[PDB]
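Report on one structure; see the data block that follows.
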Amino acid sequence: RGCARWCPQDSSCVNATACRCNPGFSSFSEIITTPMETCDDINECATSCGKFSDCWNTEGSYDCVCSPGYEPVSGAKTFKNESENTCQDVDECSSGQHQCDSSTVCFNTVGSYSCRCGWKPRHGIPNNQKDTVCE
Ligand SMILES: C[As](C)(=O)[O-]
Ligand SMILES: [Cl-]
Ligand SMILES: [Sr+2]
Ligand SMILES: [Sr+2]
């Protein structure tokens with residue numbers, strides 16, 4: 001029809017006297033009729049990303065990301081649903097991404113990894129940690 005100029009932030013005019021919140025935002029009434037009404041972000045993460053991932057809420061949207069220690073086989077850094085999830089554990093030992101001391105051997109774990117000592121751990125540092133150092 002027409003277009004109200006006074007639509008509040010994150011809403012768009014539906015005609016000359018009304019607005020509606022943009023996708024990802026919500027207001028008490030389905031149709032806004034005054035500029036005093038607000039369009040608040042909807043936290044989609046509080047309403048499934050799938051295995052080994054995390055939901056991060058953003059303004060107007062949200063993103064699923066592989067959790068730390070996992071990376072997407074498909075390569076897509078962000079995704080929207082379980083169906084697009086390609087998160088697999090990162091084998092830090094095979095990839096040489098680990099930061100183990102030359103005195104230990106990298107041992108892969110799901111979501112992480114550790115370093116094991118023949119040798120014995122130096123004083124004050126346990127065995128089987130990322131910072132393990134032996135002698
Ligand atoms: C950290 As999760 C796999 O429950 O989105
Ligand atoms: Cl949203
Ligand atoms: Sr949101
Ligand atoms: Sr790992």
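Each answer follows from the model by the rule given with it, or from the source it names; nothing here is a laboratory result. Cβ atoms come from the backbone with ideal geometry, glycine included; neighbour counts cover every protein chain shown.
Condition (residue is within 16 Å of ligand 4 (Cβ to nearest atom) and over 30 Å from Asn127 (Cβ atoms)) applied to segment 10-22: is it met by at least one residue? Walk me through it before giving the result.
Taking segment 10-22 as the starting set, the residues that turn out to be within 16 Å of ligand 4 (Cβ to nearest atom) are none.
No, segment 10-22 contains no residue that is within 16 Å of ligand 4 (Cβ to nearest atom) and over 30 Å from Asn127 (Cβ atoms).
A quick yes/no check of all residues on (1) out of contact with any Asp or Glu (no Cβ under 8 Å at 6 or more places or on another chain); (2) farther than 19 Å from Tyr62 by Cβ; (3) not hydroxyl-bearing (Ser, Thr, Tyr):
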site	(1), (2), (3)
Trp6	yes, yes, yes
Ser12	yes, yes, no
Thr17	yes, yes, no
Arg20	no, yes, yes
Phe28	no, yes, yes
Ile32	yes, yes, yes
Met36	yes, yes, yes
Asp41	no, no, yes
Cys45	yes, no, yes
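In segment 98-116, is there at least one residue being of a type in the set (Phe, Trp, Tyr), closer than 30 Å to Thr38 by Cβ and outside any helix (DSSP H, G or I)? Before the answer, list the steps.
Pass one, segment 98-116, residues of a type in the set (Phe, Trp, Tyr): 107, 113.
Next, only the ones that are closer than 30 Å to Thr38 by Cβ stay: none.
No, the conditions are met nowhere in segment 98-116.
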Discussion item. Pairs needed: first member in segment 36-53, more than 14 Å from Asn22 (Cβ to Cβ); second member anywhere, within 16 Å of ligand 4 (Cβ to nearest atom) and acidic (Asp, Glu); C-beta distance under 8 Å; at least 6 residues apart or different chains.
Written reply: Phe52/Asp89
Worksheet item: In segment 55-84, what residues are surrounded by fewer than 12 Cβ atoms within 10 Å (Cβ to Cβ) and either under 24 Å from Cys39 (Cβ atoms) or in the same structural domain as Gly24 (by CATH) (or both)?
Response: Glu59
Worksheet item: What are the residue pairs meeting all of these: first residue in segment 99-117, first residue away from ligand 4 (no atom under 13 Å from the Cβ), second residue part of a strand (DSSP E or B) and among the basic types (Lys, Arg), Cβ atoms under 7 Å, and 6 or more apart or on different chains?
Response: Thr104/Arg116; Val105/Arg116
Fill in: Subset tally (residues that are in a loop (DSSP other than H, G, I, E, B), within 30 Å of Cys87 (Cα to Cα) and not charged (D, E, K, R)) for segment 1-51
8
